[PDB]
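Protein chains in written order, with the deposited numbering: chain A, 102 to 252; chain B, 809 to 854; chain C, 1 to 274; chain D, 1 to 274; chain E, 1 to 274; chain F, 604 to 704.
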Amino acid sequence: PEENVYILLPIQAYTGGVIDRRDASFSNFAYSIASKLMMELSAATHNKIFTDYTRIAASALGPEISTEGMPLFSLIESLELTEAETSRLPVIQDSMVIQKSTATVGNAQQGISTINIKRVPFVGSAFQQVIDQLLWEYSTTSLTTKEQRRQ
Amino acid sequence: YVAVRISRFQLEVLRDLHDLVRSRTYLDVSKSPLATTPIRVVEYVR
Amino acid sequence: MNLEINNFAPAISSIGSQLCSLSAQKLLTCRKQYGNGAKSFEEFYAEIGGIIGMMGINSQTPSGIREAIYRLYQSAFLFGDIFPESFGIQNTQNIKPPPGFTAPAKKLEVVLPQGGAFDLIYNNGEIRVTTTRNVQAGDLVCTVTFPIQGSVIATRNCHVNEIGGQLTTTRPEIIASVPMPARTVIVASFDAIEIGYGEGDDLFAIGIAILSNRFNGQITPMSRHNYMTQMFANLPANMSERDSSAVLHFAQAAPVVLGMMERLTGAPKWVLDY
Amino acid sequence: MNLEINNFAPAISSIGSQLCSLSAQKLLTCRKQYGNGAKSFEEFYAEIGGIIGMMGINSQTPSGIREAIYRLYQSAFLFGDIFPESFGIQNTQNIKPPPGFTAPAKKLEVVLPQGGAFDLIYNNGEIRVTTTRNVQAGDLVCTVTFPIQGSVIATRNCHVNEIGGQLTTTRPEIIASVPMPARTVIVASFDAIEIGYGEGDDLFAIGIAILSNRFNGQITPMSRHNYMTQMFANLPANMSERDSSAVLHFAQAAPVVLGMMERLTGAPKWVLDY
Amino acid sequence: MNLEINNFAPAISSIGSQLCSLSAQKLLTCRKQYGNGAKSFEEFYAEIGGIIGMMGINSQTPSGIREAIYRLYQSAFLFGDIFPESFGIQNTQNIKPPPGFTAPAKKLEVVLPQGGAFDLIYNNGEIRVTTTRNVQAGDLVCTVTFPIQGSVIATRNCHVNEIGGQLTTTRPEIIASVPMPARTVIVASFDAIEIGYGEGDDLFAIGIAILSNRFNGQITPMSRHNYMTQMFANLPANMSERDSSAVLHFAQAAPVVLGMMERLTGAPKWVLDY
Amino acid sequence: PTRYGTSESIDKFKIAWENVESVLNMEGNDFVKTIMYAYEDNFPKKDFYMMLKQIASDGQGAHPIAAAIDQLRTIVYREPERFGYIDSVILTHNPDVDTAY
Numbered sequence: 102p103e104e105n106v107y108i109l110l111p112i113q114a115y116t117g118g119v120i121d122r123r124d125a126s127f128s129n130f131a132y133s134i135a136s137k138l139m140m141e142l143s144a145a146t147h148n149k150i151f152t153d154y155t156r157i158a159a160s161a162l163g164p165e166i167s168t169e170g171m172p173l174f175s176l177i178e179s180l181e182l183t184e185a186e187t188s189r190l191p192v193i194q195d196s197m198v199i200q201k202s203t204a205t206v207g208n209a210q211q212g213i214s215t216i217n218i219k220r221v222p223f224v225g226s227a228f229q230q231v232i233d234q235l236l237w238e239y240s241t242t243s244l245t246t247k248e249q250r251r252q
Numbered sequence: 809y810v811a812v813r814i815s816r817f818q819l820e821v822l823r824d825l826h827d828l829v830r831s832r833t834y835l836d837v838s839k840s841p842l843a844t845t846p847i848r849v850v851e852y853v854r
Numbered sequence: 001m002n003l004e005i006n007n008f009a010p011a012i013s014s015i016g017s018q019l020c021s022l023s024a025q026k027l028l029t030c031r032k033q034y035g036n037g038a039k040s041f042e043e044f045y046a047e048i049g050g051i052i053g054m055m056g057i058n059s060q061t062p063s064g065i066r067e068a069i070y071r072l073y074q075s076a077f078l079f080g081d082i083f084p085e086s087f088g089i090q091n092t093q094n095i096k097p098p099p100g101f102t103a104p105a106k107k108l109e110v111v112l113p114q115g116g117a118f119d120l121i122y123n124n125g126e127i128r129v130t131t132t133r134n135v136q137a138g139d140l141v142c143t144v145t146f147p148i149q150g151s152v153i154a155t156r157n158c159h160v161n162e163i164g165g166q167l168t169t170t171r172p173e174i175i176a177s178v179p180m181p182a183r184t185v186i187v188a189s190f191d192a193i194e195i196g197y198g199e200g201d202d203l204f205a206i207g208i209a210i211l212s213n214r215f216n217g218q219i220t221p222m223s224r225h226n227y228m229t230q231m232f233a234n235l236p237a238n239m240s241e242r243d244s245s246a247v248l249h250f251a252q253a254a255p256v257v258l259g260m261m262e263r264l265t266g267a268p269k270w271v272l273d274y
Numbered sequence: 001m002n003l004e005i006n007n008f009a010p011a012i013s014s015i016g017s018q019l020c021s022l023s024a025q026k027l028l029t030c031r032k033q034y035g036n037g038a039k040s041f042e043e044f045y046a047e048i049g050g051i052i053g054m055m056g057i058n059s060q061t062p063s064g065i066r067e068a069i070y071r072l073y074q075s076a077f078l079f080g081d082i083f084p085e086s087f088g089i090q091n092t093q094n095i096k097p098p099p100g101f102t103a104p105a106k107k108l109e110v111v112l113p114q115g116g117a118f119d120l121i122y123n124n125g126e127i128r129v130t131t132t133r134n135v136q137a138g139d140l141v142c143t144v145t146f147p148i149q150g151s152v153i154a155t156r157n158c159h160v161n162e163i164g165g166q167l168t169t170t171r172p173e174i175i176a177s178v179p180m181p182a183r184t185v186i187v188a189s190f191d192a193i194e195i196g197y198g199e200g201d202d203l204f205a206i207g208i209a210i211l212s213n214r215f216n217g218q219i220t221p222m223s224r225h226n227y228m229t230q231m232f233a234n235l236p237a238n239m240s241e242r243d244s245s246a247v248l249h250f251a252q253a254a255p256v257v258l259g260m261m262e263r264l265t266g267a268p269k270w271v272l273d274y
Numbered sequence: 001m002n003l004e005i006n007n008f009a010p011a012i013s014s015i016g017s018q019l020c021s022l023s024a025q026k027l028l029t030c031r032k033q034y035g036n037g038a039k040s041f042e043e044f045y046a047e048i049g050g051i052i053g054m055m056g057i058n059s060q061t062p063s064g065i066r067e068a069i070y071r072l073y074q075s076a077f078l079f080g081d082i083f084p085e086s087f088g089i090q091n092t093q094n095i096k097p098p099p100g101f102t103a104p105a106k107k108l109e110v111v112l113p114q115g116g117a118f119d120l121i122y123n124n125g126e127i128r129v130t131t132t133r134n135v136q137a138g139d140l141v142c143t144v145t146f147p148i149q150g151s152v153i154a155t156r157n158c159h160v161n162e163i164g165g166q167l168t169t170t171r172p173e174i175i176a177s178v179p180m181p182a183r184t185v186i187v188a189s190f191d192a193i194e195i196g197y198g199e200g201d202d203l204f205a206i207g208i209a210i211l212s213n214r215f216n217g218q219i220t221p222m223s224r225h226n227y228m229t230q231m232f233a234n235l236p237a238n239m240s241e242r243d244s245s246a247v248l249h250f251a252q253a254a255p256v257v258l259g260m261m262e263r264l265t266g267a268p269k270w271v272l273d274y
Numbered sequence: 604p605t606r607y608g609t610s611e612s613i614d615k616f617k618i619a620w621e622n623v624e625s626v627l628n629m630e631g632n633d634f635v636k637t638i639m640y641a642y643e644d645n646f647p648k649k650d651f652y653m654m655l656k657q658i659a660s661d662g663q664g665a666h667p668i669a670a671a672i673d674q675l676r677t678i679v680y681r682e683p684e685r686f687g688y689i690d691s692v693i694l695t696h697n698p699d700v701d702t703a704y
């Protein structure tokens with residue numbers, strides 16, 4: 102709407118919910134949406150783990166840079182940026198560096214294991230990050246290395 | 809004549825371009841690869 | 001310290017408490033999945049544990065939530081913006097009650113009457129005065145200025161209004177019960193709770209240091225008890241107990257979370273279970 | 001406060017404690033889904049907060065849960081005449097150990113031996129008696145009647161059975177160690193834990209009033225310490241220490257949850273973690 | 001209690017604390033889904049409450065995790081010297097900070113000067129000494145050997161280094177402020193926290209006996225305060241304050257987990273939320 | 604139990620059972636369900652409903668299945684606009700437009 106104000110709209114992502122006036126249970130309406138969501142998350146993560154991401158090849162003058170999410174140039178016209186923002190954009194394009202570390206998967210019931218992970222930055226909304234966190238939690242709930250399983 | 813209106817609209821105001829950047833989590837297949845074959849267990853009786 | 005509490009403090013305090021609770025939940029969530037390895041826990045936390053988004057607060061680094069805490073605290077209590085940045089679209093018409101106080105009342109604050117007939121000393125949970133001159137039964141000797149609630153034990157040579165072992169009023173007054181000349185001593189002990197919280201005192205010690213380093217004029221380092229007593233004494237008189245509770249909860253939770261971000265340990269229950 | 005405990009109290013108390021823990025868990029799960037809607041927190045809780053499906057509960061409202069709590073409390077502690085067939089109390093085969101006690105022993109109860117040889121006064125955690133006449137060593141001066149457990153500190157002119165600083169017996173007795181003249185004092189401080197829990201005292205004060213209003217003739221408002229001492233003194237002697245703990249847990253948890261459902265604040269750990 | 005602690009203690013202690021936390025979480029999870037039935041709770045826990053898997057330990061029985069605790073405890077606190085020192089210093093793997101200490105300081109440990117001018121008696125969080133002779137103002141009368149952090153209250157005829165009511169140094173020293181004659185008294189009360197965790201003291205008492213029955217020549221039953229003081233005094237001279245915290249957390253968490261596996265009650269927060 | 608009649612409550616329970624079995628479970632003959640369905644008419648309606656309520660009440664508590672449901676139900680509650688619903692709506696002659704938006 103103005104110079105430094107950027108607004109993200111809440112577009113509908115998951116459709117669910119059955120309305121029955123005879124029973125007035127909000128808890129029942131939430132369960133119907135949640136159950137449909139649980140099946141969709143389970144379908145996406147079945148027999149699959151998230152390993153593939155877009156990137157920029159590590160050249161001689163730069164490190165690994167992520168290009169995941171909305172292209173930065175789409176924003177040029179979607180936000181109608183002035184020259185200051187357009188100048189700023191290449192700076193924030195180069196700060197999107199992929200991080201590497203180790204994490205712990207599983208819980209007290211399934212078990213505990215350490216694996217190698219990556220943290221790839223991307224451009225998007227905040228609900229996107231919540232959904233991705235849920236998907237990662239669903240996919241890695243039962244992960245075991247060959248050493249641990251053999252032992 | 810009568811108007812049907814809502815309350816409590818939720819929207820996100822970012823105030824900066826660097827706030828559009830978030831993070832995900834991936835698997836590092838370079839050092840934690842995916843197994844292609846289950847371990848084969850051969851058992852005998854005692 | 002000196003500070004100016006604005007009329008909108010009960011509403012800003014709710015946003016501050018929600019921010020603090022979300023930060024604590026994220027801290028424990030990241031603490032659960034740290035895989036011991038080459039990277040230190042500070043590096044692991046600084047990369048994932050600061051990404052929290054709520055109305056008017058869109059940080060992605062612990063520096064961001066530290067800045068947000070600074071802004072909300074400055075606005076709510078110190079000489080600061082009477083009107084917060086995104087207060088308009090917050091829609092804080094209805095507020096969530098804060099958890100009840102759990103701080104033990106070891107040192108309790110009292111003030112003698114103008115007569116000057118008493119010499120008062122402090123103990124771990126009790127007060128005792130010595131009569132400088134003759135005193136008649138049935139007169140005021142003490143009164144508490146810092147509200148307190150709980151049981152009463154070990155009452156000697158004085159009377160406290162209580163039924164079933166529980167104090168009737170939140171501000172008891174001690175009254176002599178027997179004609180007691182020639183330098184008598186009266187003792188009043190309490191198993192009671194005072195405004196404040198008991199856990200996370202280590203975090204408070206460094207949080208207050210940080211936010212007295214930033215606001216070096218208005219705030220000085222001190223103990224939790226003195227800080228809470230001054231904060232309560234600076235509250236406006238025309239205020240209910242429902243809003244003062246939120247104000248005090250935020251006033252103590254901000255230093256606790258600020259010091260919590262420094263030492264990457266757990267969180268108190270009264271902060272996390274908001 | 002007059003009341004009788006029927007012989008099926010542990011079975012009643014297991015169901016009561018399970019109900020209280022479920023209500024507390026639902027309460028906490030609700031406080032984290034409020035916001036982003038036009039509905040007071042009280043109305044939000046009164047909608048989805050009370051939905052627990054257990055045998056004997058015939059409503060999905062906090063009023064139904066409080067009615068069930070009333071019924072269970074009446075049967076076990078006030079009248080051994082009515083037995084509740086609605087709940088699955090007939091078909092219980094085993095009970096679960098309740099959480100360990102956490103209430104600090106500040107005012108500890110002792111009974112002086114006959115003969116008026118000593119004067120008893122109470123301190124924050126210590127009992128000091130004075131010898132009105134000459135008494136030889138080797139005879140008891142005080143015995144505790146309200147069980148405590150913990151370490152002993154600052155013992156003077158007395159002997160208490162301990163190994164490595166930890167008290168051996170659950171009901172320690174204080175005896176003289178060296179013969180002493182009259183007018184001297186002997187002290188005994190304890191870092192002990194008494195029966196019952198400590199947290200939730202604010203929710204206890206407003207729940208005991210509610211259930212004293214409902215049960216006008218049997219229960220009166222009173223402090224937690226006196227209530228727990230009387231409830232323990234009314235227990236039958238032929239009872240294993242596992243059953244009495246289960247009885248006392250519900251005895252203290254019912255008022256706490258009753259006051260919890262009024263002031264929609266957090267929950268104590270011993271109620272949740274059952 | 002005689003024991004020697006090597007320089008690999010933090011690495012062993014991190015694994016031990018993680019194992020204790022996992023076992024506590026497993027116990028609570030199995031406790032919240034226990035349906036009363038023919039099978040008792042002890043049998044129910046033994047079947048699917050000891051099966052916890054992680055790096056190194058691979059046992060599916062409570063005896064297995066008991067033996068894992070035994071192995072870790074012996075390797076950390078009773079084995080003489082694991083490796084040459086440089087092997088440990090060059091370790092790169094990092095650990096996680098333990099929760100902050102919450103044990104109240106009641107019997108604070110202090111030592112008198114070589115002169116013998118004063119006599120020391122203890123109370124609850126209070127040290128009071130009397131002068132046998134006349135001594136000049138401005139000299140040390142008592143120093144604290146057990147580290148302590150927190151506020152200071154009720155100081156008479158003595159001065160301590162504090163700003164805003166909060167102690168500045170971890171080992172405060174008490175000095176005279178005004179010239180005094182013989183047979184006077186100087187007092188110093190503290191609202192502070194010492195090394196250790198206050199909750200779960202009942203489990204410690206029965207776990208220390210369990211792990212003393214095995215290491216009979218090295219470990220004997222004693223109070224928690226004495227145990228923690230001896231463990232702190234037996235730490236190696238050269239160690240950072242970060243590593244000693246982990247060592248002490250494991251040293252106290254092993255007995256409480258051993259006793260919690262016996263009495264199937266809840267686990268304390270400082271063990272559970274590691 | 605209070606919301607409907609005994610037969611209607613039994614039918615609602617059967618619908619819920621079928622939905623649960625279809626949403627998560629894979630196909631297989633439910634032994635208990637078949638036993639209860641085949642011999643439904645040997646009991647009065649009140650006792651049949653009491654048995655069904657007992658079955659539903661055997662599993663009550665804070666358990667991993669419940670927490671998994673809560674983790675999603677707390678996201679459905681906090682983001683109504685994403686899932687396509689509104690908590691309530693208001694009707695009036697003269698709306699008071701909010702200046703904030």
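A virtual CB, placed ideally from N, CA and C, is assigned to each residue, including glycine.
If we count the other Cβ atoms within 10 Å of its Cβ and call it buried at 16 or more, is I95 (chain C) buried or exposed?
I95 (chain C) is buried by the Cβ-count criterion.
Alpha carbon of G64 (chain C) to alpha carbon of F8 (chain E), nearest angstrom
38 Å
Reduced DSSP secondary structure (H/G/I, E/B, other) of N217 (chain A):
strand
Mind checking if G88 (chain C) is an interface residue toward chain H, Cβ cutoff 8 Å exclusive?
Protein chains in the displayed structure are A, B, C, D, E and F, and chain H is not among them.
Determine, using beta carbons only, whether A103 (chain D) and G198 (chain D) come nearer to each other than 8 Å.
A distance below 8 Å separates the beta carbons of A103 (chain D) and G198 (chain D).
Can you check whether the CB of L3 (chain C) is closer than 8 Å to the CB of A68 (chain C)?
no
Please determine, among C:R71, C:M261 and C:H249, the residue with the shortest C-alpha to C-alpha distance to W270 (chain C).
C:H249
Touching or not, the segment 159 to 171 of chain A and the segment 214 to 225 of chain A, by the rule of three or more beta carbon pairs under 8 Å?
yes
Mind checking which residues open and close the alpha helix (DSSP H) that includes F87 (chain D)?
From DSSP, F87 (chain D) is part of no alpha helix (DSSP H); its letter is neither H nor E.
Amino acids of chain D, ordered along the chain, whose beta-carbon sits closer than 9 Å to that of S128 (chain A)
Ordered by position in chain D, the residues that pass the 9 Å Cβ test against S128 (chain A) are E47, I48, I51 and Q60.
Could one say the Cβ of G37 (chain C) lies closer than 8 Å to chain E's Cβ atoms, at least one of them?
yes
Any heavy atom of the ligand GTP inside 7 Å of the beta-carbon of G116 (chain D)?
Among the components modelled here there is no ligand, and therefore nothing to report on the ligand GTP.
Which residues of the segment 215 to 226 of chain C have a Cβ closer than 8 Å to any Cβ of chain E? Give them in chain order.
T220, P221, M222, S223, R224, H225 and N226
Using CA coordinates, which residue listed in E:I48, E:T132 and E:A176 is at the minimum distance from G138 (chain E)?
E:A176
Given this structure, state the Cα-to-Cα distance separating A253 (chain C) from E109 (chain E), to the nearest angstrom.
32 Å
Short of 9 Å Cβ to Cβ, which residues in the segment 89 to 114 of chain E face chain D?
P104, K106 and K107
What do you get for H225 (chain C), buried or exposed, if any count of 16 or more other CB atoms within 10 angstroms of its CB means buried?
buried
What does the Cβ neighbour count give for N124 (chain C), buried or exposed, with the cut at 16 atoms within 10 Å?
buried
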